[PDB]
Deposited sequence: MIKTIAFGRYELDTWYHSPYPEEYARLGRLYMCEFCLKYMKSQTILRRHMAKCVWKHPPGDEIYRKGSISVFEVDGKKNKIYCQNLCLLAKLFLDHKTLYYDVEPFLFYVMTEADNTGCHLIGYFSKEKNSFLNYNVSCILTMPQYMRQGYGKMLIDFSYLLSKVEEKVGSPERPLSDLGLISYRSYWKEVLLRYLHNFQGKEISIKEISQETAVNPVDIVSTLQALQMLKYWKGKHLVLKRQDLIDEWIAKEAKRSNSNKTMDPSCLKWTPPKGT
């Protein structure tokens, strides 16, 4: 079974089983087109494929661009096959992905990095078109080669940026994997410390903060507590402004909102 995948110039170890056809899933290695995400049995097949394949980026629309860094919005109804391949690809690095086959109700936000051969996949997140639970991310992943460089954070940030622009608040779909939780804590703490740094008033509601960041109140409260910034007193709750933490908090690993060009689908 699948231990490795060739992806562009990288050779990547898989963490988890993913349900590819047993035709493919009985091999040890799997050869992927880095641009259209077709999976193949051998180098020599991949090689002929790259000679035929016209794609140099993901389908859909490019809704963020800042130099070499893009995000594309791909509709799972319009690009059913690309989105499926991407879900299969992701299950190799997620313990549990809820859905693979049915990508129609999803939009896929594919972040890339451009070099002279094309726009290379850094990572993605999926979004329900219409979430009863107001989840603004279903699944998020940064590819192994790109992990721990700040990209996942840009992705998360970009999810809440779409939320601001839609005038919604959002949260990631429960349950969070452990790397997901570590990543969302770091993001949320940062959003909170940033907010308080710029805020000058003597009081705020959790709701105001939620309305401004598009972060969910329970996620805010939850982070305040992780930060031991929620205190109790008289018979009311106070927010403790930890300056040690704010100044702790002070490589182009940011999403710049003036580089978004988007209408909600």
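Absence of C-alpha coordinates is noted for several segments of the deposited sequence, namely 251 to 258, 274 to 276.
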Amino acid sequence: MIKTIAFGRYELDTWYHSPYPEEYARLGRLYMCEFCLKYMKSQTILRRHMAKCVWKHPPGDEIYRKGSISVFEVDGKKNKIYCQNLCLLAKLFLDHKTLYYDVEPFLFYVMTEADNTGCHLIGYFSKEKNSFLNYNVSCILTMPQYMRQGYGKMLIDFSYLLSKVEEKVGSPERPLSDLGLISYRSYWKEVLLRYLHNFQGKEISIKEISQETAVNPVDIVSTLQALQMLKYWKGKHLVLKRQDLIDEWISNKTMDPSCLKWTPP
From here on, numbers count along this sequence of modelled residues.
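Superpose the two forms; the largest set of C-alphas matching within 1.5 Å is the rigid core.
RMS Cα deviation from the shown model in 7 other deposited structures of this protein, rigid core fit, is larger for 233 to 241 than for the other stretch of the pair 233 to 241 / 201 to 209.
Taking the rigid core as the alignment reference, the C-alpha atoms of 114 to 122 lie farther on average from the displayed form in 7 other deposited structures of this protein than those of the other stretch among 114 to 122 and 153 to 161. When the C-alpha B-factors of 251 to 259 and 237 to 245 are averaged, 237 to 245 comes out higher. Relative to its counterpart among 46 to 54 and 219 to 227, 46 to 54 has the higher mean temperature factor, C-alpha atoms as listed in the PDB entry. Within the listed group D102, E73, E113, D157, the record reports its top CA B-factor for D102. Residues shown: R148, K97, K189, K127. Highest C-alpha temperature factor in the entry: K97.
Among the modelled residues of its chain, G67 has a C-alpha B-factor that falls in the lowest third according to the deposited record. Compared with the other modelled residues of the chain, the Cα B-factor recorded for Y31 ranks in the middle third.
Annotation for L161: C-alpha temperature factor in the lowest third relative to the rest of the modelled chain, per the entry. In this PDB entry, the Cα temperature factor of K91 sits in the middle third of its chain's modelled residues. Looking at the C-alpha B-factors along this chain, the one for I122 belongs to the lowest third.
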